[PDB]
């Protein structure tokens, strides 16, 4: 059965839960259920971390190789994206839905827990994170009612940016496509703590790096930006 080490927000105190048989049992434990901000909670284990690290290093290596081969304007955009991604702390993340209030359909929607796990937690943020081929990347104040296109009014796009869409990645790791052109306009308001990823245009991406947007998104769905708490590294 599963043993879970829980890091409370700030990562300076832990709780221990287990043995637990499955996710539903974990999130309903009396010391957790009504205490944690579940959407931002991040469950992981050694295997998920190892895979995420491999995937991340692959993304960074592709970005470097492409940078060397690209036009100079595109290369400068790639360099910026690379720098935004350089200091991710890779934890991996299991794709389980933690919220106690979710309606679970199908037996497999309550995953068994076997072995050791780590649960990282955060409080609901008051910012969102903007990343990618966009100027002024970083944390932005979250504002009630503001759409993705509203946020982008103050963030010019960089050479080689996707002209059509932003990816919204919620704190749970779910992704929503957010149109940002006139022709495909669709109003989308990202919730507190989301990441907004603006990727590379299909036109600029060479075929050998075709999967690169999806690979980056997959990296981002496995991280919770606030966790980056570190003292002696960036």
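Numbering follows the first chain given and starts at 1.
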| query | finding |
| --- | --- |
| Mean temperature factor over C-alpha atoms, higher-scoring stretch between 221-229 and 21-29 | 221-229 |
| Of 154-162 and 100-108, the stretch whose C-alpha atoms average the higher B-factor in the entry | 100-108 |
| Options 208, 51, 58, 185 - largest CA temperature factor per the record | 208 |
| 178, 36, 43, 68, ranked by C-alpha B-factor: the highest one | 68 |
| Chain-wide C-alpha B factor ranking for residue 77, given as lowest, middle or highest third | lowest |
| Residue 91, C-alpha B-factor rank within chain (lowest, middle or highest third) | lowest |
| B-factor third for the C-alpha atom of residue 168 within its chain | lowest |
| Lowest, middle or highest third - CA B-factor, residue 204 | middle |
| Among modelled residues of the same chain, the CA temperature factor third for residue 135 | middle |
